[PDB]
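Have a look at the structure below before the remarks.
Note that each Cβ is placed from the backbone with ideal geometry, even for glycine, and that neighbours are counted across all protein chains shown. No value in this document is a laboratory result; all are computed from the given coordinates.
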Amino acid sequence: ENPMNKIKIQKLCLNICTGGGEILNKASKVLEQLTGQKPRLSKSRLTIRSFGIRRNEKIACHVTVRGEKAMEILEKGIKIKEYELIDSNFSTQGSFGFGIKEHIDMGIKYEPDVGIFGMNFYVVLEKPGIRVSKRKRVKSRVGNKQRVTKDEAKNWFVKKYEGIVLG
Amino acid sequence: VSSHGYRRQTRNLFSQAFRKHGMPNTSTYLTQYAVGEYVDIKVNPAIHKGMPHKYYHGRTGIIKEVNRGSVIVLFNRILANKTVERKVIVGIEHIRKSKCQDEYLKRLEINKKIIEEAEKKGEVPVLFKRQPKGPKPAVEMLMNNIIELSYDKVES
Amino acid sequence: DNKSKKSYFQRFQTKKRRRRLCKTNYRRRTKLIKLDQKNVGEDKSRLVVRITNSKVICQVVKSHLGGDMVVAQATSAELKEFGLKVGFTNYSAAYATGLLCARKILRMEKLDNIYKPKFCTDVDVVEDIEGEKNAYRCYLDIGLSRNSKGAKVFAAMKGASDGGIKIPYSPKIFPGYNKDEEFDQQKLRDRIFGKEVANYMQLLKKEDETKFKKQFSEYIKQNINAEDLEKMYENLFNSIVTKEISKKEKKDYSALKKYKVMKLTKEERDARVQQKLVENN
RNA sequence: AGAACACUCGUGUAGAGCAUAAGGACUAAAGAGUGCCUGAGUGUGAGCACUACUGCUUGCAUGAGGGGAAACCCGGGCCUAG
RNA sequence: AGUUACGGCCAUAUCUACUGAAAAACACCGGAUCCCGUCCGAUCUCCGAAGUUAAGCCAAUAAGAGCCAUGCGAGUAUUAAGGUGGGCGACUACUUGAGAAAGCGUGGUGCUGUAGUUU
C-alpha cells in the first residue's frame, strides 16, 4: 500500500459542564488526574435565567489531548460504551463523538466529597499534510484527496476496535 | 439650514471608488518631489493626517517648500472681488505629479537646439510655433464606385 | 449562503498578489522603505534574512521605483566550498552566512581594508573610523518570522556586524541577556561555536544509543565527534575571512524549453466540443 | 440538555464591531485580546477653514523621554461637534 | 526555457471540479535536550534526514460562473443656442451644434524587473 495516505488521531476533546460555584474546582481536579494537564475554564456566551446562567460566568472546563495519551483514553472509554455506536454519531467531516454518565468507570477512586460527574468525548481524525492550512507563511486549502470521509471514519473504527456500528 | 464644519457636504467627495478601498501603493511613497514642480491634489480618505480643505481637491499648484513627509503649495483664490494668494500644507499621500506642462517641455527641447544655430548661421530663430487647424484640403477623386442615397426607410 | 449568489463574485475585491500568497506584509514594508523628502541621495539598504528547510539566505536589497535591486547575496549552501559538511540550517550556519554576505559587500565598495573583522567579543554597534570613509549602513528585514530571544535571524545579523556593516541593534534578543545584570557573553560565544549541539550529542549516548544513531546519522557518516566542533568552526570562520570563492559561469539552458506545454488552438477546441455533442446525442 | 448552556470541523469581502447623532474610514486592522508607559512633555516659529475668539495642520531646538530587534510612531480621544 | 528569494502594476491574476509534471530546488516529513511559547511542541521556537510525490506551490482542461477588450444597440435617449413656431395646459415639432447607457454578439484569460540555481 501507499505510505502517507493513512489515518491517525489528531485530537481528543474532553469537556464537563457544571454551572455554579465550588463544583468547578471539584470538577477540574478530575480532568487534572485523567490527563497530565491543567484544564481551561470557559464562560457563558449569553444570559439564560431558566438554566441558572448569568453572562460571563464560568460554566465548564475542557482539555485537549494529543499523541500517545490519546490512545489510552479512547480505548478506556469505548469499553464503557461496550463498543456500540450509532450511524448518527459520525459527521460529514471524519469525526465522531459519544458520552459517559459516570466518571468512576475510568477507574479513579471515589472520595465521597468530590462527587459524580459525566463527560463528553469528541475525536478528530486526519491524514498527513494538514499543516498547509495552519502554518503562517503560504497558507492554503487542502486537496480533496487528503480529507477523511464518513465511510472511512467508520471503516477505521471497525478495523481498530472490532466494534459494531448500528444503523 | 446648513452647518459649517471643516468637512461639511463631503459625502460624495472623500469616499473610495468601487473595488478600490485600502491603503496606498508603494509608488506613492517612493516618488521624490522638488521645489518648482507642478503638482495636483487628490485626497485619499483613508489617511487622516495632512488632509487639505475640500476647496483644494482636484486643483493644481506649484511647490514652494519641501519637508519630511509634507509639501507647501501656492494657490490663488477670489475673495471680496480681489485676488489672494494662499499657502496650503499637504501630506505626500494626497498628491500626484501634474501632467499640465508636458507638451511645453517637449517644445522647449526643440527650441533649445534651434536657438543655438540661430547665433551661428541665421540671426533669429524660426521658433516652431503651433498653428490651429486650417481650411479643408483639396482632393482628386477617381469617380468609379458611386453610392446612391434615398429616403427608402419610411419610418412608420 | 454567501457563495450561492452571483453578486458575491461581482462585488469582490482581491488582495494584492503577494498577500494572497502570504509572502509579504505591506504595513511593515511601507514603514521600512518610505522615502524621506529632505534627505536627498539617501538610499537605504535592507538586509533580508530568510530561512528555508535546506538553507539560509542573506540578500542586500535597495528599493527602487519599478522593482527592488539586489546588490549582493550569500547562501549557506555555498559554505560547502570551505569544507562545511553538516547542519546547513544550524545557528552557526546562520552566523557564517551573515559574515560571508558582509565581506562580499565591503570588497565591492573597497572598504574591506579599513573595517577589519571581529569574531564575537562584544555587543556594541559598528562605529565610523575618523579621517576615513563612513561605514556601509543597513537595516534588518525579518519578514513574517517572529522576534524572540535566540531566533536564528538575529544570528545572521550579528554575523554582518562582526563582518563590518553598521546595523543598529539592542542586545535584548541574544542568549546571555539578563533583565537587570551585565551581559554574559560567554553564553553567546558558546552557541556561535556549537556548544549547544555538542551537549546534546553527549547526552544521547548515555541515554539511548539507538535514538542517537537515528538523530545524528549524517554526523556519524562524516566521523565528526562532539569534541571536534570548535576546531571545525574556527577554521570555517577564518577561511571565510581569508579566501574568495570562484566566479560563476553563464550557460544557456535554453534547450530545456522542450518540456513546456502549449495551450490548445481555437480550431481544436471547437472540434472537440462538436465531437462531444455527437458522442452524447 | 429542550427553540436557546460548553466544546469541535468546514465555509464565511464584513452580512459584525468601532462608548455617545448622522455621514465617511478601517481586515495578517483602526475591530477582539495581551504586554509595557504616562507624550493627556518643555521652549519658540509658520499657516488653513469668508478667520477675531476657537479648532486643526505643520517647522526648528531641547529632555539623567516612552514603546519597539529595528526602520518607524507619540506634545489626548479614527476624521468631521462638546 | 522553467523554478526559487525580494519585488512592480493589483482578478486577462478570482472561484469551482478534474489532470499532468526530466533535473535542481520548494515542500510535506522525523524529534523536543536546550532558547522560546502554549489547556495542548497543533501554532510559534530550536535540533534533524528515515521516508513521499499523496498534498501545497507551478502548469494544462471545461459551448464553466466572474473579470478584461471590442462590435452592435444608435446618430436612438438626453441636451446648448434660436424664432411674433405650435398647444387651454401637460408638454412638444423644426433649424445650427454636442452626444450616452443597459442588454446582446464576438474574442481573450496575467504581463514584466534584479539576483541565484538547474542541460
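What to note about this one:
- Among the residues of region C:33-55, those identified as away from every other protein chain (no Cβ under 12 Å) and touching a residue at least 60 places away in the same chain (Cβ under 8 Å) are C:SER45, C:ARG46, C:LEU47, C:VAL48, C:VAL49.
- Pair list, Cβ < 8 Å and 6+ apart or interchain, from region B:50-66 residues that are at positive phi to residues that are assigned to a loop (DSSP other than H, G, I, E, B) and small (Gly, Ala, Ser): B:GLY50/B:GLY69
- Wholly enclosed strands (runs of 3 or more DSSP E) of region A:65-145 bearing at least 2 residues in contact (Cβ under 8 Å) with a residue 60 or more places away in the chain and of a type in the set (S, T, N, Q): none
- Of the residues contained in region C:76-91, one or more are found to be under 17 Å from C:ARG50 (Cβ atoms), touching a strand residue (DSSP E or B) at 6+ places or on another chain (Cβ under 8 Å) and buried (at least 16 other Cβ atoms within 10 Å of the Cβ).
- Taken residue by residue, region C:117-132 has no member that is within 13 Å of RNA strand E (Cβ to nearest atom) and either surrounded by fewer than 18 Cβ atoms within 10 Å (Cβ to Cβ) or within 13 Å of the chain's Cα centre (by Cα) (or both).
- Checking each residue in region B:25-67 for being more than 13 Å from RNA strand D (Cβ to nearest atom) and more than 14 Å from chain C (Cβ to nearest Cβ) picks out B:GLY36, B:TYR38, B:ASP40, B:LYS42, B:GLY58, B:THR60, B:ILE62.
- Among (1) near RNA strand D (Cβ under 9 Å from one of its atoms); (2) over 27 Å from the mean Cα position of the chain (by Cα); (3) more than 9 Å from chain B (Cβ to nearest Cβ), the one test that C:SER4 misses: (1)
- The listed residue being surrounded by 11 or more Cβ atoms within 10 Å (Cβ to Cβ), β-branched (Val, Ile, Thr) and within 16 Å of RNA strand E (Cβ to nearest atom), out of B:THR26, B:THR10: B:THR26
- Condition broken by C:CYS58, with the remaining ones in (1) within 16 Å of RNA strand D (Cβ to nearest atom); (2) within 14 Å of chain B (Cβ to nearest Cβ); (3) touching a helix residue (DSSP H, G or I) at 6+ places or on another chain (Cβ under 7 Å); (4) not basic (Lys, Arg) satisfied: (2)
Conditions tested, residue by residue: (1) of a type outside the set (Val, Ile, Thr); (2) surrounded by 14 or more Cβ atoms within 10 Å (Cβ to Cβ); (3) away from chain C (no Cβ under 14 Å); (4) within 16 Å of RNA strand D (Cβ to nearest atom).
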| position | (1), (2), (3), (4) |
| --- | --- |
| A:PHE51 | yes, no, yes, yes |
| A:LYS58 | yes, yes, yes, yes |
| A:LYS69 | yes, yes, yes, no |
| A:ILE73 | no, yes, yes, yes |
| A:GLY94 | yes, yes, yes, yes |
| A:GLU102 | yes, no, yes, yes |
| A:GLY118 | yes, no, yes, yes |
| A:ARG141 | yes, no, no, yes |
| A:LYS145 | yes, no, yes, yes |
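- Within region B:35-49, residues that are of a type in the set (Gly, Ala, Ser) sit with their Cβ atoms under 8 Å from residues that are within 16 Å of RNA strand E (Cβ to nearest atom), at 6+ positions apart or across chains, in these pairs: B:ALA46/B:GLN16; B:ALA46/B:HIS21; B:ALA46/B:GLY22; B:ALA46/B:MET23; B:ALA46/B:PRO24.
- Residue count for region C:8-66 satisfying the condition of being part of a helix (DSSP H, G or I) and near RNA strand E (Cβ under 6 Å from one of its atoms): 5.
- Matching option when the condition is within 13 Å of B:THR26 (Cβ to Cβ), surrounded by 10 or more Cβ atoms within 10 Å (Cβ to Cβ), at the interface with chain B (Cβ under 10 Å from one of its Cβ atoms) and among the polar types (S, T, N, Q), among C:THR30, C:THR24: C:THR30
- Look at (1) in a strand (DSSP E or B); (2) loosely packed, with under 11 Cβ neighbours inside 10 Å and you find that B:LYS49 fails only one, number (1).
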